[PDB]
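Down below is the structure, laid out as C-alpha cells.
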Amino acid sequence: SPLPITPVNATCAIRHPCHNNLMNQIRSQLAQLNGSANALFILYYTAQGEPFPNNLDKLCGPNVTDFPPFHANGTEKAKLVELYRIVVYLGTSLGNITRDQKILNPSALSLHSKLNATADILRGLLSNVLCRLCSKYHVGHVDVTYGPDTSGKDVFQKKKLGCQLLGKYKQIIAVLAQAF
Amino acid sequence: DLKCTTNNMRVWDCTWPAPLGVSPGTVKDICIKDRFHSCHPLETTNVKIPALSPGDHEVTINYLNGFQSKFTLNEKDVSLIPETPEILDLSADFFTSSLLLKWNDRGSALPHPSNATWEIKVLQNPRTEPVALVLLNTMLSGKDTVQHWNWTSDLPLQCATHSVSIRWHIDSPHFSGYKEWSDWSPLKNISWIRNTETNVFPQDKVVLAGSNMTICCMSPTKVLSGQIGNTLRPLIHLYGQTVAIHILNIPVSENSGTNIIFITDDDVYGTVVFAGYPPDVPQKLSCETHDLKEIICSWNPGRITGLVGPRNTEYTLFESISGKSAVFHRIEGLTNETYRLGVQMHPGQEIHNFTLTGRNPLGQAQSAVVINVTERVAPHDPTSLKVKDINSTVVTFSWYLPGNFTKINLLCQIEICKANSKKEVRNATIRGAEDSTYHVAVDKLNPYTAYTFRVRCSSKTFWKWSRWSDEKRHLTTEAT
Ligand SMILES: *[C@@H]1O[C@H](CO)[C@@H](O[C@@H]2O[C@H](CO)[C@@H](O[C@@H]3O[C@H](CO)[C@@H](O)[C@H](O[C@H]4O[C@H](CO)[C@@H](O)[C@H](O)[C@@H]4O)[C@@H]3O)[C@H](O)[C@H]2NC(C)=O)[C@H](O)[C@H]1NC(C)=O
Ligand SMILES: *[C@@H]1O[C@H](CO[C@@H]2O[C@@H](C)[C@@H](O)[C@@H](O)[C@@H]2O)[C@@H](O[C@@H]2O[C@H](CO)[C@@H](O[C@@H]3O[C@H](CO)[C@@H](O)[C@H](O)[C@@H]3O)[C@H](O)[C@H]2NC(C)=O)[C@H](O)[C@H]1NC(C)=O
Ligand SMILES: *[C@@H]1O[C@H](CO[C@@H]2O[C@@H](C)[C@@H](O)[C@@H](O)[C@@H]2O)[C@@H](O[C@@H]2O[C@H](CO)[C@@H](O)[C@H](O)[C@H]2NC(C)=O)[C@H](O)[C@H]1NC(C)=O
Ligand SMILES: *[C@@H]1O[C@H](CO[C@@H]2O[C@@H](C)[C@@H](O)[C@@H](O)[C@@H]2O)[C@@H](O[C@@H]2O[C@H](CO)[C@@H](O)[C@H](O)[C@H]2NC(C)=O)[C@H](O)[C@H]1NC(C)=O
Ligand SMILES: *[C@@H]1O[C@H](CO[C@@H]2O[C@@H](C)[C@@H](O)[C@@H](O)[C@@H]2O)[C@@H](O[C@@H]2O[C@H](CO)[C@@H](O)[C@H](O)[C@H]2NC(C)=O)[C@H](O)[C@H]1NC(C)=O
Ligand SMILES: *[C@@H]1O[C@H](CO)[C@@H](O[C@@H]2O[C@H](CO)[C@@H](O)[C@H](O)[C@H]2NC(C)=O)[C@H](O)[C@H]1NC(C)=O
Ligand SMILES: *[C@@H]1O[C@H](CO)[C@@H](O[C@@H]2O[C@H](CO)[C@@H](O)[C@H](O)[C@H]2NC(C)=O)[C@H](O)[C@H]1NC(C)=O
Ligand SMILES: *[C@@H]1O[C@H](CO)[C@@H](O[C@@H]2O[C@H](CO)[C@@H](O)[C@H](O)[C@H]2NC(C)=O)[C@H](O)[C@H]1NC(C)=O
Ligand SMILES: *[C@@H]1O[C@H](CO)[C@@H](O)[C@H](O)[C@H]1NC(C)=O
C-alpha cells in the first residue's frame, strides 16, 4: 500500500538534513500545494456521492474548528513556527481522510494520486520548514497538536469531517502561500 | 344463583347475596358434601373453596342465630379468569432494532394437556400500537415452560421507545365453565441510553438492493428536510421534532455508499447506507494444474454485488477430501473478468472435490467441481534450451520445465525448423521428475546447417499443451 506520513517527533536532534536556498523552496512548495488544492477538493467531495456537491457549504463548509492558528504579519519565526503546526495538522488528518477513502472509494485512483502527492509535498515543506526553523533560529523542537479522527465513527461523519477539513485546507493554503 | 370465579382451575372464589331479612355478617359455616363432609368458616358472605367433582352439589351456608341457605352449585357456573402473567425480562437488541419477550408459562399451576393462547401487544409513543399479535402455544402439564417471542421493528431503530403488553387465555378439555379472557399485563418499557453523539438511525447498515427500509432522526431542532441523495422524501413527525422518512425502494449504492441526510435551520445530521446484491453463484469454474505442487481454480464472479472491501464478496475454495483450503478477498470491486484461487494439494492424491463458496454479508453462493488432477497436468512453458553437439548428424536438445513430474511422464515436441524448408516436428516421450532438465537425442540432421529449435510439452495423459517454447537456433558441425 501507498504510505503518505507526516512526522510528529520533529527535532533539531533528529530530522533529515537539507539542500540549499530553503526559504525559496518552501515558497515554491507552499504555493504549489495551493495549485492542487481546488481540484483535490473537487475530487474529494465529487466521489463522496450525492448529495455532496449540491450542499457544498452546509457539509463541506470551510469550518472544522480547534484549528491551528495563523497570524498575517510578525517575524519569519512566527510565520514559520505557525505554518509548521498547520502542516503537522493536515498531514496527520490528511493521512486518515485517505485511509478512509482507501476503503470507501478505492476506485478513484484519480483521488488518491492527488491525496497522495498532496501528502508527499506536504511532508517536504515540513522538513524544509523546520530545517530553517533550526538554522539561524534554534527553537530546538516546535511544540505541536495532532489532527482530527480519534474514531469519528459513522461512515457519514468521516465524509463530512474529511469534506470539512479539505475545505479549510483549500481556504488556508491560499493565505499561507501569499504571506511568506 | 351463587356466582363464581377462579384464577387457576384449582380453587373457586364464590360469593352469594345474603338471605334478605336483616341477616348481615352473622355467618358461621359453609358446608359441602364432596370427597368427605368438609365445613369451612366465614367472615362474610363469600369464601375460598377447593374445586369439586363435576355435577351438582349441596352447598349449604349456616348463619349464627336461626337461618341457613340451600344452594345448588356446579362447575358450569364458574368462570376462569386467569392471573395476570408478568413479563420476566425484556432484553432488546439495538443493532437490529428488535425485541425479545420472555415470560413464565405458569404451567406448573394448570392441569393436564391444555391449549392456551396469548395476545401480546407492543406500542411506541403514538395513540395506538405497531403490533398486537397472538401466539398458538400448547402447554405441557406440570413443567413450567419458558416461552419466547422474537418480534422485529418494522419502522425505526429504537430512537423511539417502546412498550409491550401480554394477556393470556387458558382452555381445558378437563374444565367445563366459561373459559375466559384474562387482562392486560402491567406494561413494559424499553429505552435508549444514548451511546454516542449520533442522531439518525441506523448507521452503517447494509441492505438488499431495493428494500422498503425505514430510517429515523433524533433531533433537538424542528427538522426542515429529509433526503436520500437529493431525492428528498416526505418526512413524518414521530413525536418531538424527532422524525423519520421511508426510503421507498433502494437502488444499489456505489462504493462510497448512498447518503441520507437531514437539515435543520442549524446543523446537518446524516447517514450512509450500503445497498447490496448478495453474491451470485460463481460461474465458469474450472481448476487445473501447471505444476504438480498446487491446484488453481479459474472462475467468474457473476453479477457484481456493487460492494467494496469489507462488503465485497469473500470467495473461499475448499477441497473436501484434502481438508486443505484457501481464500479470496479483494478490496477493489469485482469485474466481468475471471479470477483464480491458489490452493495447495498433498502429493499425488488425485480425486479432488472442489467447493467455491462466495460470501458477502447478505447471502451465500456455491458451485462445485470434481477433478482427476493427473488428468489436468497442463504445464508451464519450457525454458533455457541448450543444444550440445554429438556427431555431425546429431544433437542433444535439452531444457528445464518446472513441476513435480516423477509419477507422470510427459511427451514433448521438437520443431526442428531448418532454413527454407517445411517444419519438421518430432514426437518423443520422456520420463519426468522433480523440477528438472529434460534431454532429447535429435538425429538425422545435416552437418553445418542453419537449425532452430522449439519445445512444446504435456503429460502423456495430456490435458492441454504447454505454450510453445522460445527459439533454440543452432548450427551443426564437421569432421576435419
Ligand atoms: C485419473 O485418470 C488416470 C488416467 O486414466 C487413471 O490412471 C489410469 O488408471 C487406469 C485404471 O484406472 C489404468 O488403466 C489400466 O492399465 C493397466 C494396464 O497396464 C490395466 O490394469 C487395466 O486394464 C484393465 O482395465 C481396462 C479398462 O479399460 C480393460 O480394458 C482391460 O481389459 C483390463 O481389464 C487398464 O488398462 C491406467 O494405466 C492409468 N493411467 C496411467 C498410464 O497411469 C487414474 O485412475 C485416475 N485417478 C486415479 C489416481 O485414480
Ligand atoms: C553419428 O552417430 C549416429 C548414431 O548415433 C548412435 O547413438 C549415439 C547415442 C552414440 O552412442 C553413437 O555411438 C551411435 O552412433 C550414426 O548413425 C548410426 O550409426 C550406427 C552405426 O551404423 C547405426 O547402428 C547400426 O545399426 C545397424 C542396424 O540398423 C547394424 O547393422 C550395425 O551393426 C550398426 O550397429 C545406427 O542405427 C545409426 N543411427 C541412426 C539414427 O540411423 C551416424 O552414422 C554417425 N555419423 C557420423 C557423422 O559419425
Ligand atoms: C388451540 O386454540 C386455537 C385458538 O383457540 C381460539 O381462541 C380462543 C380465545 C377462542 O376464540 C376459541 O373459540 C378459539 O378456539 C385453535 O385454533 C383455532 O381453530 C379454529 C377452528 O378450526 C379456527 O377457525 C381458528 O382460526 C383457529 N385459531 C388459531 C389461533 O389457530 C386451535 O385449533 C387449538 N389447538 C389445539 C391443539 O387444539
Ligand atoms: C414496498 O413498499 C411498497 C409501498 O409501501 C406502501 O407505502 C408505504 C409508504 C407504507 O405505508 C406501506 O405500508 C405501503 O404498503 C409496496 O407497494 C404497495 O403494496 C401494497 C400491497 O401489495 C399495495 O396495496 C400498494 O398499491 C403498493 N404501493 C405501490 C405504489 O406500489 C410494496 O409491496 C413493498 N414491497 C415489499 C413486499 O416489501
Ligand atoms: C461478460 O463477458 C461475456 C463474454 O464476452 C467477451 O468477454 C467479456 C469478458 C467481455 O470483455 C466482452 O467484451 C467480450 O465480448 C459476455 O458474453 C455475452 O453474454 C450475452 C448474454 O448472455 C450473450 O448474448 C452474448 O452472446 C455474449 N457475448 C459473446 C458473443 O461471447 C457477457 O455479456 C458479459 N457479462 C456481463 C455481466 O456483462
Ligand atoms: C431474535 O431472532 C433474531 C433472528 O432469528 C436474532 O438475530 C440474530 O442474532 C445472531 C447472534 O448475533 C446472529 O446470527 C444475527 O445477528 C441474527 N440473525 C438474523 C435473524 O438475521 C436476535 O438476536 C433475536 N433477538 C434477541 C433479543 O436475541
Ligand atoms: C412505563 O412508561 C409508560 C409511559 O412512559 C407509563 O405509562 C404511561 O405513563 C404516562 C406518564 O406517566 C401516562 O400519562 C400514561 O397514562 C401511560 N400510558 C399508557 C400507554 O398507558 C408506565 O407507567 C410505565 N410503567 C412502568 C412499569 O415503569
Ligand atoms: C513429489 O511427488 C512425489 C510423489 O508424486 C513425492 O514422493 C512421494 O513421497 C510420499 C511421501 O508422502 C511417498 O508416499 C511416495 O512413495 C513418494 N513417491 C512418489 C513419487 O509417489 C515427493 O515427495 C514430492 N515432492 C514434494 C515434497 O513435493
Ligand atoms: C463432494 O463433497 C460434497 C460435500 O458437500 C458432497 O456433496 C459430495 O457427495 C462429494 N462427492 C464426491 C465426488 O466425493
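Chain labels A, B, ... are given in the sequence in which chains occur in the C-alpha cells; within each chain residues are numbered consecutively from 1, and ligands are likewise numbered from 1 in the order shown.
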Secondary structure check, alpha helix (DSSP H) residues of chain A, as a PyMOL selection string: chain A and resi 23-47+56-59+76-104+109-132+155-179
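Pocket residues of ligand 7, taken as those with any atom at most 7 Å away using only C-alpha atoms and all ligand atoms, are residues 163, 186, 187, 188 and 189 of chain B.
Picture a line from CA of residue 104 (chain B) to atom 1 (C, counted along the ligand's line) of ligand 6; it runs 18.4 Å.
Minimum atom-to-atom distances from B:173, B:130, B:333, B:220 to ligand 4 were compared using only C-alpha atoms and all ligand atoms, and the lowest value belongs to B:130.
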Expected answer as an MDAnalysis selection string: chain B residues within 7 Å of chain A, only C-alpha atoms: chainID B and resid 203:204 229:230 255:256 258:259 270:272 309 332
Give me every strand (DSSP E or B) residue in region 236-331 of chain B, going by DSSP on the backbone, as a VMD selection string. chain B and resid 236 to 237 243 to 246 258 to 264 268 to 276 286 to 289 294 to 299 314 to 319 325 to 329
Do you know which residues are at most 8 Å from region 379-389 of chain B counting only C-alpha atoms, after dropping those on the same chain fewer than 5 positions away, and could you put them as a ChimeraX atom specification? /B:289-291,394-403,455-458,465-472,474,476-477
Around ligand 5, which protein and nucleic acid residues have at least one atom no more than 12 Å from it, if we count only C-alpha atoms and all ligand atoms? List them as a PDB file with N, CA, C and O atoms, in the first residue's frame.
```
ATOM      1  N   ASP B 280     -23.374 -13.742  -6.476  1.00  0.00           N
ATOM      2  CA  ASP B 280     -24.017 -14.654  -7.400  1.00  0.00           C
ATOM      3  C   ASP B 280     -23.186 -15.893  -7.565  1.00  0.00           C
ATOM      4  O   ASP B 280     -21.944 -15.823  -7.656  1.00  0.00           O
ATOM      5  N   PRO B 282     -21.014 -18.597  -8.373  1.00  0.00           N
ATOM      6  CA  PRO B 282     -19.853 -18.200  -9.140  1.00  0.00           C
ATOM      7  C   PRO B 282     -19.744 -19.088 -10.384  1.00  0.00           C
ATOM      8  O   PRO B 282     -20.068 -20.270 -10.313  1.00  0.00           O
ATOM      9  N   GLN B 283     -19.302 -18.515 -11.505  1.00  0.00           N
ATOM     10  CA  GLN B 283     -19.638 -19.034 -12.836  1.00  0.00           C
ATOM     11  C   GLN B 283     -18.732 -20.101 -13.478  1.00  0.00           C
ATOM     12  O   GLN B 283     -18.859 -21.288 -13.166  1.00  0.00           O
ATOM     13  N   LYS B 284     -17.850 -19.680 -14.386  1.00  0.00           N
ATOM     14  CA  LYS B 284     -17.222 -20.597 -15.354  1.00  0.00           C
ATOM     15  C   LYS B 284     -16.159 -21.535 -14.751  1.00  0.00           C
ATOM     16  O   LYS B 284     -15.151 -21.848 -15.396  1.00  0.00           O
ATOM     17  N   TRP B 299     -12.504 -19.020 -12.218  1.00  0.00           N
ATOM     18  CA  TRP B 299     -13.965 -18.784 -12.108  1.00  0.00           C
ATOM     19  C   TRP B 299     -14.364 -17.332 -12.373  1.00  0.00           C
ATOM     20  O   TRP B 299     -13.537 -16.421 -12.277  1.00  0.00           O
ATOM     21  N   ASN B 300     -15.634 -17.118 -12.704  1.00  0.00           N
ATOM     22  CA  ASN B 300     -16.129 -15.765 -12.918  1.00  0.00           C
ATOM     23  C   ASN B 300     -17.140 -15.365 -11.884  1.00  0.00           C
ATOM     24  O   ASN B 300     -18.136 -16.048 -11.706  1.00  0.00           O
ATOM     25  N   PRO B 301     -16.929 -14.208 -11.264  1.00  0.00           N
ATOM     26  CA  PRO B 301     -17.696 -13.603 -10.190  1.00  0.00           C
ATOM     27  C   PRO B 301     -19.206 -13.677 -10.367  1.00  0.00           C
ATOM     28  O   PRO B 301     -19.937 -13.962  -9.402  1.00  0.00           O
ATOM     29  N   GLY B 302     -19.657 -13.413 -11.590  1.00  0.00           N
ATOM     30  CA  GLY B 302     -21.083 -13.315 -11.891  1.00  0.00           C
ATOM     31  C   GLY B 302     -21.575 -11.874 -11.877  1.00  0.00           C
ATOM     32  O   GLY B 302     -20.838 -10.952 -12.246  1.00  0.00           O
ATOM     33  N   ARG B 303     -22.831 -11.679 -11.469  1.00  0.00           N
ATOM     34  CA  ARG B 303     -23.361 -10.335 -11.255  1.00  0.00           C
ATOM     35  C   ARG B 303     -22.552  -9.759 -10.135  1.00  0.00           C
ATOM     36  O   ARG B 303     -22.350 -10.392  -9.094  1.00  0.00           O
ATOM     37  N   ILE B 304     -22.069  -8.559 -10.357  1.00  0.00           N
ATOM     38  CA  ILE B 304     -21.250  -7.931  -9.369  1.00  0.00           C
ATOM     39  C   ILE B 304     -22.154  -7.229  -8.386  1.00  0.00           C
ATOM     40  O   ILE B 304     -23.099  -6.521  -8.766  1.00  0.00           O
ATOM     41  N   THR B 305     -21.815  -7.441  -7.119  1.00  0.00           N
ATOM     42  CA  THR B 305     -22.666  -7.203  -5.968  1.00  0.00           C
ATOM     43  C   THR B 305     -22.670  -5.734  -5.553  1.00  0.00           C
ATOM     44  O   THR B 305     -23.326  -5.347  -4.584  1.00  0.00           O
ATOM     45  N   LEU B 334     -15.273  -6.093  -7.989  1.00  0.00           N
ATOM     46  CA  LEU B 334     -15.033  -7.143  -8.973  1.00  0.00           C
ATOM     47  C   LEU B 334     -15.514  -6.758 -10.370  1.00  0.00           C
ATOM     48  O   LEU B 334     -16.303  -5.830 -10.498  1.00  0.00           O
ATOM     49  N   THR B 335     -15.047  -7.474 -11.401  1.00  0.00           N
ATOM     50  CA  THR B 335     -15.284  -7.136 -12.832  1.00  0.00           C
ATOM     51  C   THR B 335     -16.206  -8.113 -13.579  1.00  0.00           C
ATOM     52  O   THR B 335     -16.989  -8.813 -12.956  1.00  0.00           O
ATOM     53  N   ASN B 336     -16.132  -8.143 -14.910  1.00  0.00           N
ATOM     54  CA  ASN B 336     -16.650  -9.287 -15.662  1.00  0.00           C
ATOM     55  C   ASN B 336     -15.516 -10.296 -15.856  1.00  0.00           C
ATOM     56  O   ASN B 336     -15.765 -11.474 -16.062  1.00  0.00           O
ATOM     57  N   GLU B 337     -14.274  -9.817 -15.772  1.00  0.00           N
ATOM     58  CA  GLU B 337     -13.050 -10.637 -15.766  1.00  0.00           C
ATOM     59  C   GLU B 337     -13.128 -11.901 -14.858  1.00  0.00           C
ATOM     60  O   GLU B 337     -13.969 -11.978 -13.959  1.00  0.00           O
ATOM     61  N   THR B 338     -12.254 -12.887 -15.092  1.00  0.00           N
ATOM     62  CA  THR B 338     -12.206 -14.123 -14.268  1.00  0.00           C
ATOM     63  C   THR B 338     -10.967 -14.215 -13.363  1.00  0.00           C
ATOM     64  O   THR B 338      -9.834 -13.979 -13.804  1.00  0.00           O
ATOM     65  N   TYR B 339     -11.191 -14.569 -12.104  1.00  0.00           N
ATOM     66  CA  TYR B 339     -10.103 -14.676 -11.145  1.00  0.00           C
ATOM     67  C   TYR B 339      -9.805 -16.126 -10.840  1.00  0.00           C
ATOM     68  O   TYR B 339     -10.614 -17.001 -11.141  1.00  0.00           O
TER      69      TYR B 339
END
```
Residue 316 (chain B): which residues within 8 Å, counting only C-alpha atoms, same-chain residues fewer than 5 positions away excluded, as an MDAnalysis selection string? chainID B and resid 325:328 355:359
Can you tell me, as an NGL selection string, what residues are no more than 10 Å from residue 33 (chain B) when counting only C-alpha atoms, ignoring any on the same chain fewer than 4 positions away? :B and (37-39 or 52 or 57-60)
